[PDB]
Amino acid sequence: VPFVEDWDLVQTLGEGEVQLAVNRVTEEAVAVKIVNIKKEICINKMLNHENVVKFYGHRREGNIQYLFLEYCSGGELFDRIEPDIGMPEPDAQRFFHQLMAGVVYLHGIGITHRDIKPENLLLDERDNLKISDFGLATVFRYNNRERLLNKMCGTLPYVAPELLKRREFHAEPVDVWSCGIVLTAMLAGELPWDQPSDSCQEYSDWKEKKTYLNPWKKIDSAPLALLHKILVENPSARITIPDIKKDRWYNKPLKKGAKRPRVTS
Ligand SMILES: COc1cc2c(cc1OC)-c1n[nH]c(-c3ccc(O)cc3)c1C2
């Protein structure tokens, strides 16, 4: 079948750069990443899950690497968050369920993302959350042996406090913490601190349990009981994903399914 391997770059999705590519024959839409990268390709080749951005393949034309990835027409979770407001709680709960399914998957295969934030959480046509960008990702468990991390990476507002205080740390509690910062952004439409350090007034207020202040003031007591268990400074006392799935707000019926077509009489 001629020309089925030809793609047209029709618009920039993000900045290397990510372009929306449309197949000349089929009109199938994919996102093409134009660019460390050797590790990114190898990690993406291991991934196959409904809440992880699909990897179709890669091609190298000289010095330029072309990564063929899933186009998520719903865009970023970031653009669903209304500044200083957030989003309806049943939406945030459904996105948080999906974020956990993805993170459970990655952790089960011994991969840590290390930069979870709403800019990286994409949405497909049915608003299904997909984790993206494996550029900072790494193997923390191999041959059933865990290796402690020491490399400082991520984005300061989403980084766990042990990354700024300790030489070495477990990988899984770091991704749990960032998921708790994402949940805060979804329910309050604002980040609680610039970084999780004692020098940060907002961070000290949280540790002092001053939940009468923002963003905690905008969050209902049931999701806020969950954020109290996630945003725990000691990563050994911090809630794990198996225990998150047992949380009351996490199991609270709130959201109806996607409205199906209906007629009366
Ligand atoms: C800013 O808006 C968007 C951004 C983006 C998309 C779609 C958007 O709007 C529909 C999209 N699909 N796949 C990807 C994407 C896929 C893999 C990756 O590593 C990085 C980005 C993006 C970014």
# chains A, B, ... in the order shown; residues from 1 in each chain; ligands from 1
$ residues_near_ligand --ligand "ligand 1" --cutoff "6 Å" --atoms "only C-alpha atoms and all ligand atoms" --output "PyMOL selection string"
chain A and resi 13-14+18+31+69-76+132-133
$ residues_around --residues "segment 199-209 of chain A" --least-positions-apart "6" --cutoff "12 Å" --atoms "only C-alpha atoms" --output "PyMOL selection string"
chain A and resi 156-157+160-161+164+191-193+215-217+224-225+227-229+231-234
$ select_by_dssp --residues "segment 55-193 of chain A" --states "strand (DSSP E)" --output "PyMOL selection string"
chain A and resi 55-61+64-70+75-76+111-112+121-123+129-131+138-139+141-142+145-146
$ closest_residue --among "A:198, A:175, A:40, A:8" --to "residue 67 of chain A" --atoms "only C-alpha atoms"
A:40
$ atom_distance --atom1 "atom CA of residue 107 of chain A" --atom2 "atom CA of residue 170 of chain A"
11.7 Å
$ residues_around --residues "residue 21 of chain A" --least-positions-apart "5" --cutoff "10 Å" --atoms "only C-alpha atoms" --output "VMD selection string"
chain A and resid 6 to 13 27 to 33 68 to 69 71
$ select_by_dssp --residues "segment 18-249 of chain A" --states "alpha helix (DSSP H)" --output "PyMOL selection string"
chain A and resi 37-46+89-108+161-165+171-188+201-207+221-230+241-244
$ residues_around --residues "residue 148 of chain A" --least-positions-apart "2" --cutoff "10 Å" --atoms "only C-alpha atoms" --output "ChimeraX atom specification"
/A:140-141,145-146,150-151,167-172
$ write_last_selection --atoms "N, CA and C atoms" --output "PDB file, in the first residue's frame"
ATOM      1  N   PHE A 140      14.009   1.384  38.875  1.00  0.00           N
ATOM      2  CA  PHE A 140      14.383   1.370  40.292  1.00  0.00           C
ATOM      3  C   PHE A 140      14.343  -0.070  40.847  1.00  0.00           C
ATOM      4  N   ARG A 141      13.788  -1.032  40.086  1.00  0.00           N
ATOM      5  CA  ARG A 141      13.703  -2.438  40.525  1.00  0.00           C
ATOM      6  C   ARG A 141      14.018  -3.321  39.343  1.00  0.00           C
ATOM      7  N   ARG A 145      15.220  -6.712  42.727  1.00  0.00           N
ATOM      8  CA  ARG A 145      16.120  -6.003  43.628  1.00  0.00           C
ATOM      9  C   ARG A 145      15.916  -4.520  43.448  1.00  0.00           C
ATOM     10  N   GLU A 146      15.623  -3.841  44.534  1.00  0.00           N
ATOM     11  CA  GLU A 146      15.391  -2.420  44.500  1.00  0.00           C
ATOM     12  C   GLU A 146      16.667  -1.605  44.632  1.00  0.00           C
ATOM     13  N   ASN A 150      19.374   8.627  43.989  1.00  0.00           N
ATOM     14  CA  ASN A 150      20.181   9.717  44.562  1.00  0.00           C
ATOM     15  C   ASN A 150      20.148  10.957  43.660  1.00  0.00           C
ATOM     16  N   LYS A 151      19.704  10.781  42.413  1.00  0.00           N
ATOM     17  CA  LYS A 151      19.649  11.844  41.421  1.00  0.00           C
ATOM     18  C   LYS A 151      18.462  12.747  41.710  1.00  0.00           C
ATOM     19  N   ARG A 167      20.404  12.083  50.909  1.00  0.00           N
ATOM     20  CA  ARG A 167      21.334  11.680  49.859  1.00  0.00           C
ATOM     21  C   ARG A 167      20.695  10.571  49.007  1.00  0.00           C
ATOM     22  N   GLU A 168      20.040   9.597  49.658  1.00  0.00           N
ATOM     23  CA  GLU A 168      19.384   8.468  48.997  1.00  0.00           C
ATOM     24  C   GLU A 168      17.954   8.324  49.450  1.00  0.00           C
ATOM     25  N   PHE A 169      17.108   7.812  48.560  1.00  0.00           N
ATOM     26  CA  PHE A 169      15.681   7.667  48.828  1.00  0.00           C
ATOM     27  C   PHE A 169      15.045   6.590  47.958  1.00  0.00           C
ATOM     28  N   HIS A 170      13.925   6.037  48.452  1.00  0.00           N
ATOM     29  CA  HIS A 170      13.152   5.054  47.718  1.00  0.00           C
ATOM     30  C   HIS A 170      12.407   5.766  46.578  1.00  0.00           C
ATOM     31  N   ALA A 171      12.278   5.089  45.416  1.00  0.00           N
ATOM     32  CA  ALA A 171      11.622   5.715  44.269  1.00  0.00           C
ATOM     33  C   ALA A 171      10.096   5.898  44.411  1.00  0.00           C
ATOM     34  N   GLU A 172       9.380   4.845  44.825  1.00  0.00           N
ATOM     35  CA  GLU A 172       7.898   4.823  44.847  1.00  0.00           C
ATOM     36  C   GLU A 172       7.269   5.941  45.679  1.00  0.00           C
TER      37      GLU A 172
END
$ atom_distance --atom1 "atom CA of residue 59 of chain A" --atom2 "atom CA of residue 5 of chain A"
11.8 Å
$ closest_residue --among "A:95, A:23, A:101, A:55" --to "residue 126 of chain A" --atoms "only C-alpha atoms"
A:95
$ residues_around --residues "residue 136 of chain A" --least-positions-apart "4" --cutoff "10 Å" --atoms "only C-alpha atoms" --output "PDB file with N, CA, C and O atoms, in the first residue's frame"
ATOM      1  N   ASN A  36      19.144   9.648  28.817  1.00  0.00           N
ATOM      2  CA  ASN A  36      18.540  10.776  28.102  1.00  0.00           C
ATOM      3  C   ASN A  36      17.491  10.277  27.076  1.00  0.00           C
ATOM      4  O   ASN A  36      16.446   9.777  27.501  1.00  0.00           O
ATOM      5  N   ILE A  37      17.762  10.404  25.750  1.00  0.00           N
ATOM      6  CA  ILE A  37      16.842   9.970  24.696  1.00  0.00           C
ATOM      7  C   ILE A  37      16.966   8.445  24.457  1.00  0.00           C
ATOM      8  O   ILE A  37      15.947   7.795  24.213  1.00  0.00           O
ATOM      9  N   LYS A  39      17.636   6.178  26.711  1.00  0.00           N
ATOM     10  CA  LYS A  39      16.940   5.578  27.849  1.00  0.00           C
ATOM     11  C   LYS A  39      15.426   5.723  27.672  1.00  0.00           C
ATOM     12  O   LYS A  39      14.695   4.781  27.987  1.00  0.00           O
ATOM     13  N   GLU A  40      14.972   6.905  27.153  1.00  0.00           N
ATOM     14  CA  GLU A  40      13.567   7.236  26.897  1.00  0.00           C
ATOM     15  C   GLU A  40      12.942   6.252  25.933  1.00  0.00           C
ATOM     16  O   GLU A  40      11.814   5.807  26.160  1.00  0.00           O
ATOM     17  N   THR A 112      10.021   4.217  37.564  1.00  0.00           N
ATOM     18  CA  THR A 112       9.566   5.421  38.240  1.00  0.00           C
ATOM     19  C   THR A 112       9.620   6.563  37.228  1.00  0.00           C
ATOM     20  O   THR A 112      10.605   6.700  36.513  1.00  0.00           O
ATOM     21  N   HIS A 113       8.547   7.354  37.146  1.00  0.00           N
ATOM     22  CA  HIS A 113       8.401   8.453  36.193  1.00  0.00           C
ATOM     23  C   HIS A 113       9.324   9.617  36.554  1.00  0.00           C
ATOM     24  O   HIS A 113      10.030  10.163  35.683  1.00  0.00           O
ATOM     25  N   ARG A 114       9.280  10.019  37.842  1.00  0.00           N
ATOM     26  CA  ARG A 114      10.116  11.033  38.479  1.00  0.00           C
ATOM     27  C   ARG A 114       9.769  12.511  38.138  1.00  0.00           C
ATOM     28  O   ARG A 114      10.481  13.400  38.611  1.00  0.00           O
ATOM     29  N   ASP A 115       8.732  12.774  37.329  1.00  0.00           N
ATOM     30  CA  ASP A 115       8.305  14.133  36.999  1.00  0.00           C
ATOM     31  C   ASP A 115       6.778  14.236  36.769  1.00  0.00           C
ATOM     32  O   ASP A 115       6.331  14.914  35.841  1.00  0.00           O
ATOM     33  N   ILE A 116       5.977  13.583  37.618  1.00  0.00           N
ATOM     34  CA  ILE A 116       4.515  13.628  37.487  1.00  0.00           C
ATOM     35  C   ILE A 116       4.015  15.030  37.848  1.00  0.00           C
ATOM     36  O   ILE A 116       4.373  15.575  38.899  1.00  0.00           O
ATOM     37  N   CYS A 153      15.841  15.207  40.485  1.00  0.00           N
ATOM     38  CA  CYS A 153      15.098  15.580  39.295  1.00  0.00           C
ATOM     39  C   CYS A 153      13.628  15.655  39.598  1.00  0.00           C
ATOM     40  O   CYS A 153      13.190  15.285  40.688  1.00  0.00           O
ATOM     41  N   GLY A 154      12.904  16.211  38.643  1.00  0.00           N
ATOM     42  CA  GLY A 154      11.499  16.521  38.771  1.00  0.00           C
ATOM     43  C   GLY A 154      11.341  18.023  38.648  1.00  0.00           C
ATOM     44  O   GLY A 154      12.162  18.691  38.006  1.00  0.00           O
TER      45      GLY A 154
END
$ closest_residue --among "A:89, A:50, A:127, A:82" --to "residue 189 of chain A" --atoms "only C-alpha atoms"
A:82
$ residues_around --residues "residue 244 of chain A" --least-positions-apart "2" --cutoff "10 Å" --atoms "only C-alpha atoms" --output "PyMOL selection string"
chain A and resi 97+100+176+226-227+229-230+239-242+246-251
$ write_last_selection --atoms "C-alpha atoms" --output "short mmCIF file (atom, residue, chain, number, x, y, z; two decimals), in the first residue's frame"
data_model
loop_
_atom_site.label_atom_id
_atom_site.label_comp_id
_atom_site.auth_asym_id
_atom_site.auth_seq_id
_atom_site.Cartn_x
_atom_site.Cartn_y
_atom_site.Cartn_z
CA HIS A 97 -8.18 6.74 39.96
CA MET A 100 -3.04 5.50 40.27
CA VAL A 176 3.13 9.09 45.32
CA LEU A 226 -6.27 11.49 51.84
CA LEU A 227 -3.88 14.44 51.14
CA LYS A 229 -1.77 10.66 54.34
CA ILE A 230 0.05 11.36 51.02
CA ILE A 239 0.78 6.12 52.48
CA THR A 240 1.48 3.53 49.75
CA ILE A 241 -0.65 2.97 46.62
CA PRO A 242 -2.27 -0.28 48.09
CA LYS A 246 -8.50 1.52 50.58
CA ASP A 247 -9.02 5.28 51.38
CA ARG A 248 -12.64 6.43 52.03
CA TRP A 249 -12.67 9.32 49.50
CA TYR A 250 -10.95 7.08 46.89
CA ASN A 251 -13.90 4.54 47.27
#
$ closest_residue --among "A:212, A:66, A:158, A:177" --to "residue 195 of chain A" --atoms "only C-alpha atoms"
A:158
$ closest_residue --among "A:103, A:25, A:163, A:187" --to "residue 1 of chain A" --atoms "only C-alpha atoms"
A:25
